[PDB]
Each structure stands twice: as C-alpha cells, then as structure tokens.
file entry.pdb (PDB, N, CA, C and O atoms)
ATOM      1  N   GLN W   1     -77.820 115.110 211.845  1.00  0.00           N
ATOM      2  CA  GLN W   1     -76.468 115.232 211.341  1.00  0.00           C
ATOM      3  C   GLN W   1     -75.650 116.039 212.355  1.00  0.00           C
ATOM      4  O   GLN W   1     -75.147 115.476 213.326  1.00  0.00           O
ATOM      5  N   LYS W   2     -75.573 117.361 212.185  1.00  0.00           N
ATOM      6  CA  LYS W   2     -74.943 118.259 213.144  1.00  0.00           C
ATOM      7  C   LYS W   2     -75.895 118.437 214.332  1.00  0.00           C
ATOM      8  O   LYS W   2     -76.471 119.505 214.529  1.00  0.00           O
ATOM      9  N   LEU W   3     -76.068 117.373 215.119  1.00  0.00           N
ATOM     10  CA  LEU W   3     -76.946 117.377 216.277  1.00  0.00           C
ATOM     11  C   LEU W   3     -76.142 117.646 217.544  1.00  0.00           C
ATOM     12  O   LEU W   3     -75.005 117.189 217.673  1.00  0.00           O
ATOM     13  N   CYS W   4     -76.768 118.336 218.494  1.00  0.00           N
ATOM     14  CA  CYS W   4     -76.244 118.603 219.825  1.00  0.00           C
ATOM     15  C   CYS W   4     -77.126 117.853 220.812  1.00  0.00           C
ATOM     16  O   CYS W   4     -78.344 118.035 220.834  1.00  0.00           O
ATOM     17  N   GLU W   5     -76.488 116.971 221.580  1.00  0.00           N
ATOM     18  CA  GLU W   5     -77.104 115.984 222.444  1.00  0.00           C
ATOM     19  C   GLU W   5     -77.320 116.608 223.815  1.00  0.00           C
ATOM     20  O   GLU W   5     -76.734 116.190 224.812  1.00  0.00           O
ATOM     21  N   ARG W   6     -78.142 117.651 223.843  1.00  0.00           N
ATOM     22  CA  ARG W   6     -78.408 118.392 225.065  1.00  0.00           C
ATOM     23  C   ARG W   6     -79.372 117.579 225.932  1.00  0.00           C
ATOM     24  O   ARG W   6     -80.236 116.890 225.388  1.00  0.00           O
ATOM     25  N   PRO W   7     -79.270 117.630 227.271  1.00  0.00           N
ATOM     26  CA  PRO W   7     -80.346 117.114 228.094  1.00  0.00           C
ATOM     27  C   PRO W   7     -81.527 118.010 227.709  1.00  0.00           C
ATOM     28  O   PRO W   7     -81.320 119.207 227.521  1.00  0.00           O
ATOM     29  N   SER W   8     -82.715 117.457 227.485  1.00  0.00           N
ATOM     30  CA  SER W   8     -83.831 118.179 226.885  1.00  0.00           C
ATOM     31  C   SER W   8     -84.004 119.597 227.430  1.00  0.00           C
ATOM     32  O   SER W   8     -83.852 119.836 228.628  1.00  0.00           O
ATOM     33  N   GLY W   9     -84.287 120.543 226.529  1.00  0.00           N
ATOM     34  CA  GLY W   9     -84.476 121.949 226.845  1.00  0.00           C
ATOM     35  C   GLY W   9     -85.483 122.105 227.975  1.00  0.00           C
ATOM     36  O   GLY W   9     -85.271 122.891 228.893  1.00  0.00           O
ATOM     37  N   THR W  10     -86.553 121.310 227.919  1.00  0.00           N
ATOM     38  CA  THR W  10     -87.555 121.253 228.962  1.00  0.00           C
ATOM     39  C   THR W  10     -87.077 120.287 230.051  1.00  0.00           C
ATOM     40  O   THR W  10     -86.682 120.696 231.142  1.00  0.00           O
ATOM     41  N   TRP W  11     -87.104 118.990 229.743  1.00  0.00           N
ATOM     42  CA  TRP W  11     -86.783 117.919 230.675  1.00  0.00           C
ATOM     43  C   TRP W  11     -85.266 117.835 230.883  1.00  0.00           C
ATOM     44  O   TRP W  11     -84.616 116.866 230.493  1.00  0.00           O
ATOM     45  N   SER W  12     -84.702 118.822 231.578  1.00  0.00           N
ATOM     46  CA  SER W  12     -83.268 118.907 231.803  1.00  0.00           C
ATOM     47  C   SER W  12     -82.937 118.100 233.060  1.00  0.00           C
ATOM     48  O   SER W  12     -82.490 118.662 234.057  1.00  0.00           O
ATOM     49  N   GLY W  13     -83.172 116.782 233.027  1.00  0.00           N
ATOM     50  CA  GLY W  13     -82.988 115.960 234.212  1.00  0.00           C
ATOM     51  C   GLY W  13     -83.156 114.461 233.968  1.00  0.00           C
ATOM     52  O   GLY W  13     -83.159 113.991 232.825  1.00  0.00           O
ATOM     53  N   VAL W  14     -83.268 113.724 235.080  1.00  0.00           N
ATOM     54  CA  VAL W  14     -83.394 112.275 235.116  1.00  0.00           C
ATOM     55  C   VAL W  14     -84.671 111.857 234.391  1.00  0.00           C
ATOM     56  O   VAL W  14     -85.711 112.496 234.544  1.00  0.00           O
ATOM     57  N   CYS W  15     -84.574 110.796 233.590  1.00  0.00           N
ATOM     58  CA  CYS W  15     -85.613 110.368 232.662  1.00  0.00           C
ATOM     59  C   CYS W  15     -86.381 109.151 233.167  1.00  0.00           C
ATOM     60  O   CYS W  15     -87.602 109.183 233.269  1.00  0.00           O
ATOM     61  N   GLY W  16     -85.675 108.046 233.405  1.00  0.00           N
ATOM     62  CA  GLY W  16     -86.279 106.750 233.685  1.00  0.00           C
ATOM     63  C   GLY W  16     -87.284 106.258 232.629  1.00  0.00           C
ATOM     64  O   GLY W  16     -88.020 105.314 232.909  1.00  0.00           O
ATOM     65  N   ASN W  17     -87.327 106.841 231.419  1.00  0.00           N
ATOM     66  CA  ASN W  17     -88.258 106.412 230.373  1.00  0.00           C
ATOM     67  C   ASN W  17     -87.930 107.019 229.003  1.00  0.00           C
ATOM     68  O   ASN W  17     -88.158 108.203 228.755  1.00  0.00           O
ATOM     69  N   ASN W  18     -87.412 106.186 228.097  1.00  0.00           N
ATOM     70  CA  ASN W  18     -86.962 106.561 226.772  1.00  0.00           C
ATOM     71  C   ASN W  18     -88.083 107.146 225.917  1.00  0.00           C
ATOM     72  O   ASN W  18     -87.951 108.217 225.328  1.00  0.00           O
ATOM     73  N   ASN W  19     -89.180 106.395 225.830  1.00  0.00           N
ATOM     74  CA  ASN W  19     -90.331 106.722 225.000  1.00  0.00           C
ATOM     75  C   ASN W  19     -90.867 108.117 225.318  1.00  0.00           C
ATOM     76  O   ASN W  19     -91.047 108.935 224.407  1.00  0.00           O
ATOM     77  N   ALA W  20     -91.124 108.357 226.608  1.00  0.00           N
ATOM     78  CA  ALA W  20     -91.575 109.635 227.125  1.00  0.00           C
ATOM     79  C   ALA W  20     -90.533 110.697 226.828  1.00  0.00           C
ATOM     80  O   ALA W  20     -90.880 111.718 226.249  1.00  0.00           O
ATOM     81  N   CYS W  21     -89.273 110.461 227.217  1.00  0.00           N
ATOM     82  CA  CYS W  21     -88.202 111.424 226.998  1.00  0.00           C
ATOM     83  C   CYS W  21     -88.208 111.927 225.551  1.00  0.00           C
ATOM     84  O   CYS W  21     -88.352 113.127 225.308  1.00  0.00           O
ATOM     85  N   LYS W  22     -88.112 110.989 224.603  1.00  0.00           N
ATOM     86  CA  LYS W  22     -88.247 111.243 223.176  1.00  0.00           C
ATOM     87  C   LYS W  22     -89.482 112.107 222.904  1.00  0.00           C
ATOM     88  O   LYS W  22     -89.370 113.202 222.351  1.00  0.00           O
ATOM     89  N   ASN W  23     -90.662 111.558 223.229  1.00  0.00           N
ATOM     90  CA  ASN W  23     -91.947 112.171 222.913  1.00  0.00           C
ATOM     91  C   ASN W  23     -91.959 113.596 223.443  1.00  0.00           C
ATOM     92  O   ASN W  23     -91.903 114.538 222.667  1.00  0.00           O
ATOM     93  N   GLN W  24     -91.974 113.738 224.765  1.00  0.00           N
ATOM     94  CA  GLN W  24     -91.937 115.001 225.476  1.00  0.00           C
ATOM     95  C   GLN W  24     -90.936 115.960 224.835  1.00  0.00           C
ATOM     96  O   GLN W  24     -91.313 117.097 224.553  1.00  0.00           O
ATOM     97  N   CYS W  25     -89.699 115.522 224.566  1.00  0.00           N
ATOM     98  CA  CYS W  25     -88.731 116.422 223.957  1.00  0.00           C
ATOM     99  C   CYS W  25     -89.261 117.000 222.651  1.00  0.00           C
ATOM    100  O   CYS W  25     -89.403 118.214 222.536  1.00  0.00           O
ATOM    101  N   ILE W  26     -89.540 116.145 221.665  1.00  0.00           N
ATOM    102  CA  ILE W  26     -89.849 116.624 220.316  1.00  0.00           C
ATOM    103  C   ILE W  26     -91.292 117.146 220.223  1.00  0.00           C
ATOM    104  O   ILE W  26     -91.666 117.865 219.289  1.00  0.00           O
ATOM    105  N   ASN W  27     -92.108 116.801 221.219  1.00  0.00           N
ATOM    106  CA  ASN W  27     -93.491 117.218 221.333  1.00  0.00           C
ATOM    107  C   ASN W  27     -93.515 118.655 221.837  1.00  0.00           C
ATOM    108  O   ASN W  27     -94.072 119.524 221.167  1.00  0.00           O
ATOM    109  N   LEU W  28     -92.825 118.935 222.948  1.00  0.00           N
ATOM    110  CA  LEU W  28     -92.689 120.293 223.448  1.00  0.00           C
ATOM    111  C   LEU W  28     -91.688 121.069 222.582  1.00  0.00           C
ATOM    112  O   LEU W  28     -92.111 121.862 221.737  1.00  0.00           O
ATOM    113  N   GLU W  29     -90.382 120.781 222.659  1.00  0.00           N
ATOM    114  CA  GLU W  29     -89.414 121.499 221.833  1.00  0.00           C
ATOM    115  C   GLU W  29     -89.352 120.766 220.487  1.00  0.00           C
ATOM    116  O   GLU W  29     -90.157 119.871 220.257  1.00  0.00           O
ATOM    117  N   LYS W  30     -88.521 121.199 219.537  1.00  0.00           N
ATOM    118  CA  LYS W  30     -88.599 120.729 218.147  1.00  0.00           C
ATOM    119  C   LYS W  30     -87.400 119.908 217.668  1.00  0.00           C
ATOM    120  O   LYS W  30     -87.224 119.723 216.462  1.00  0.00           O
ATOM    121  N   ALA W  31     -86.561 119.465 218.605  1.00  0.00           N
ATOM    122  CA  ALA W  31     -85.489 118.492 218.405  1.00  0.00           C
ATOM    123  C   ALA W  31     -85.906 117.288 217.541  1.00  0.00           C
ATOM    124  O   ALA W  31     -87.096 117.069 217.314  1.00  0.00           O
ATOM    125  N   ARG W  32     -84.936 116.502 217.049  1.00  0.00           N
ATOM    126  CA  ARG W  32     -85.219 115.404 216.122  1.00  0.00           C
ATOM    127  C   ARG W  32     -85.567 114.107 216.849  1.00  0.00           C
ATOM    128  O   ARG W  32     -86.713 113.673 216.780  1.00  0.00           O
ATOM    129  N   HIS W  33     -84.579 113.425 217.434  1.00  0.00           N
ATOM    130  CA  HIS W  33     -84.815 112.305 218.339  1.00  0.00           C
ATOM    131  C   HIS W  33     -84.486 112.712 219.776  1.00  0.00           C
ATOM    132  O   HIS W  33     -83.818 113.722 220.002  1.00  0.00           O
ATOM    133  N   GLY W  34     -84.929 111.897 220.735  1.00  0.00           N
ATOM    134  CA  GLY W  34     -84.560 111.978 222.136  1.00  0.00           C
ATOM    135  C   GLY W  34     -84.582 110.565 222.700  1.00  0.00           C
ATOM    136  O   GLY W  34     -85.133 109.680 222.044  1.00  0.00           O
ATOM    137  N   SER W  35     -83.939 110.328 223.846  1.00  0.00           N
ATOM    138  CA  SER W  35     -83.837 109.018 224.477  1.00  0.00           C
ATOM    139  C   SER W  35     -83.256 109.168 225.884  1.00  0.00           C
ATOM    140  O   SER W  35     -82.532 110.116 226.192  1.00  0.00           O
ATOM    141  N   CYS W  36     -83.570 108.200 226.740  1.00  0.00           N
ATOM    142  CA  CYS W  36     -83.215 108.188 228.148  1.00  0.00           C
ATOM    143  C   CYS W  36     -81.800 107.632 228.295  1.00  0.00           C
ATOM    144  O   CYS W  36     -81.575 106.576 228.889  1.00  0.00           O
ATOM    145  N   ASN W  37     -80.844 108.330 227.682  1.00  0.00           N
ATOM    146  CA  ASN W  37     -79.463 107.880 227.603  1.00  0.00           C
ATOM    147  C   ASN W  37     -78.841 107.756 228.995  1.00  0.00           C
ATOM    148  O   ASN W  37     -79.228 108.476 229.919  1.00  0.00           O
ATOM    149  N   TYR W  38     -77.866 106.846 229.117  1.00  0.00           N
ATOM    150  CA  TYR W  38     -77.109 106.620 230.334  1.00  0.00           C
ATOM    151  C   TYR W  38     -75.952 107.621 230.468  1.00  0.00           C
ATOM    152  O   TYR W  38     -76.185 108.831 230.494  1.00  0.00           O
ATOM    153  N   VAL W  39     -74.719 107.120 230.605  1.00  0.00           N
ATOM    154  CA  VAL W  39     -73.517 107.850 230.990  1.00  0.00           C
ATOM    155  C   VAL W  39     -73.660 108.252 232.466  1.00  0.00           C
ATOM    156  O   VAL W  39     -74.770 108.372 232.986  1.00  0.00           O
ATOM    157  N   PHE W  40     -72.541 108.444 233.166  1.00  0.00           N
ATOM    158  CA  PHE W  40     -72.545 108.852 234.567  1.00  0.00           C
ATOM    159  C   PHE W  40     -73.408 110.113 234.768  1.00  0.00           C
ATOM    160  O   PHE W  40     -73.527 110.926 233.846  1.00  0.00           O
ATOM    161  N   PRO W  41     -74.022 110.312 235.945  1.00  0.00           N
ATOM    162  CA  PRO W  41     -74.130 109.344 237.023  1.00  0.00           C
ATOM    163  C   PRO W  41     -75.281 108.373 236.740  1.00  0.00           C
ATOM    164  O   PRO W  41     -75.081 107.160 236.743  1.00  0.00           O
ATOM    165  N   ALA W  42     -76.475 108.920 236.486  1.00  0.00           N
ATOM    166  CA  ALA W  42     -77.712 108.200 236.219  1.00  0.00           C
ATOM    167  C   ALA W  42     -78.171 108.485 234.787  1.00  0.00           C
ATOM    168  O   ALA W  42     -77.570 109.307 234.089  1.00  0.00           O
ATOM    169  N   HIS W  43     -79.255 107.834 234.354  1.00  0.00           N
ATOM    170  CA  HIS W  43     -79.873 108.136 233.071  1.00  0.00           C
ATOM    171  C   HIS W  43     -80.434 109.560 233.077  1.00  0.00           C
ATOM    172  O   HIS W  43     -80.885 110.036 234.118  1.00  0.00           O
ATOM    173  N   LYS W  44     -80.432 110.231 231.921  1.00  0.00           N
ATOM    174  CA  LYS W  44     -80.984 111.570 231.766  1.00  0.00           C
ATOM    175  C   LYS W  44     -81.619 111.725 230.387  1.00  0.00           C
ATOM    176  O   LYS W  44     -81.235 111.026 229.448  1.00  0.00           O
ATOM    177  N   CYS W  45     -82.611 112.613 230.272  1.00  0.00           N
ATOM    178  CA  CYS W  45     -83.380 112.734 229.039  1.00  0.00           C
ATOM    179  C   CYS W  45     -82.582 113.480 227.964  1.00  0.00           C
ATOM    180  O   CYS W  45     -82.770 114.681 227.773  1.00  0.00           O
ATOM    181  N   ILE W  46     -81.705 112.775 227.244  1.00  0.00           N
ATOM    182  CA  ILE W  46     -80.888 113.383 226.199  1.00  0.00           C
ATOM    183  C   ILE W  46     -81.749 113.558 224.957  1.00  0.00           C
ATOM    184  O   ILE W  46     -82.572 112.699 224.631  1.00  0.00           O
ATOM    185  N   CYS W  47     -81.553 114.684 224.271  1.00  0.00           N
ATOM    186  CA  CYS W  47     -82.306 115.023 223.089  1.00  0.00           C
ATOM    187  C   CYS W  47     -81.411 115.716 222.068  1.00  0.00           C
ATOM    188  O   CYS W  47     -80.512 116.473 222.427  1.00  0.00           O
ATOM    189  N   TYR W  48     -81.627 115.388 220.794  1.00  0.00           N
ATOM    190  CA  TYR W  48     -80.746 115.723 219.692  1.00  0.00           C
ATOM    191  C   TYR W  48     -81.312 116.905 218.904  1.00  0.00           C
ATOM    192  O   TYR W  48     -82.218 116.723 218.081  1.00  0.00           O
ATOM    193  N   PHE W  49     -80.802 118.121 219.150  1.00  0.00           N
ATOM    194  CA  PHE W  49     -81.244 119.306 218.423  1.00  0.00           C
ATOM    195  C   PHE W  49     -80.289 119.557 217.249  1.00  0.00           C
ATOM    196  O   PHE W  49     -79.080 119.474 217.453  1.00  0.00           O
ATOM    197  N   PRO W  50     -80.785 119.906 216.053  1.00  0.00           N
ATOM    198  CA  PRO W  50     -79.985 120.174 214.865  1.00  0.00           C
ATOM    199  C   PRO W  50     -79.255 121.511 214.999  1.00  0.00           C
ATOM    200  O   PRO W  50     -79.604 122.517 214.385  1.00  0.00           O
ATOM    201  N   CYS W  51     -78.210 121.515 215.817  1.00  0.00           N
ATOM    202  CA  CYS W  51     -77.420 122.683 216.176  1.00  0.00           C
ATOM    203  C   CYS W  51     -76.491 123.106 215.033  1.00  0.00           C
ATOM    204  O   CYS W  51     -75.274 123.177 215.215  1.00  0.00           O
TER     205      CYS W  51
END

call {"tool": "encode", "arguments": {"input": "entry.pdb", "output": "structure tokens"}}
result
Amino acid sequence: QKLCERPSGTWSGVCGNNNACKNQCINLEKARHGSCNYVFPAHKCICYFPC
C-alpha cells in the first residue's frame, strides 16, 4: 500500500534479473515485492518497502 520503491537496500544497482532481484530483496531485507524495473538509464533492482 504505502510502499516506497527504493532500489534494494542491499542490491542498490543494476539488476538484469527480476526473479533474483525480488528474491534477494525480500530474502535479505524484508520488503514486500521487488522487480528488475526499467526507467532511465538502465534496469535496476527496485524493491517495495512498506514505508
């Protein structure tokens, strides 16, 4: 709901892989979903924390 779409607390960078980005994010930190979202410049491991 009130999620903040931070580049993952850990993986604060380029992703090239949605599944991993998601997994790694919520596996290491405790965010809800994550995904290898686009937007300029390149894809990055965006993750949704209940901020």

call {"tool": "residues_around", "arguments": {"input": "entry.pdb", "residues": "residue W:13", "least_positions_apart": "3", "cutoff": "7 Å", "atoms": "only C-alpha atoms", "output": "list in words"}}
result
residues 7, 44 and 45 of chain W

call {"tool": "resolve_selection", "arguments": {"input": "entry.pdb", "expression": "the PyMOL selection byres ((chain W and resi 1-5) around 4.5)", "output": "NGL selection string"}}
result
:W and (6-7 or 47-51)

call {"tool": "atom_distance", "arguments": {"input": "entry.pdb", "atom1": "atom C of residue W:30", "atom2": "atom N of residue W:42"}}
result
24.4 Å

call {"tool": "closest_residue", "arguments": {"input": "entry.pdb", "among": "W:41, W:46, W:31, W:36", "to": "residue W:18", "atoms": "only N, CA, C and O atoms"}}
result
W:36

call {"tool": "atom_distance", "arguments": {"input": "entry.pdb", "atom1": "atom C of residue W:16", "atom2": "atom C of residue W:33"}}
result
14.7 Å

call {"tool": "atom_distance", "arguments": {"input": "entry.pdb", "atom1": "atom C of residue W:40", "atom2": "atom O of residue W:23"}}
result
22.5 Å

call {"tool": "select_by_dssp", "arguments": {"input": "entry.pdb", "residues": "chain W", "states": "strand (DSSP E or B)", "output": "list in words"}}
result
residues 4, 5, 6, 7, 34, 35, 46, 47, 48 and 49 of chain W

call {"tool": "select_by_dssp", "arguments": {"input": "entry.pdb", "residues": "chain W", "states": "helix (DSSP H, G or I)", "output": "PyMOL selection string"}}
result
chain W and resi 18-28

call {"tool": "axis_aligned_box", "arguments": {"input": "entry.pdb", "around": "stretch 19-31 of chain W", "padding_each_side": "5 Å", "output": "AutoDock Vina command-line options"}}
result
--center_x -89.8 --center_y 114.1 --center_z 221.8 --size_x 18.6 --size_y 25.5 --size_z 20.8

call {"tool": "closest_residue", "arguments": {"input": "entry.pdb", "among": "W:32, W:43, W:38, W:25", "to": "residue W:11", "atoms": "only C-alpha atoms"}}
result
W:25
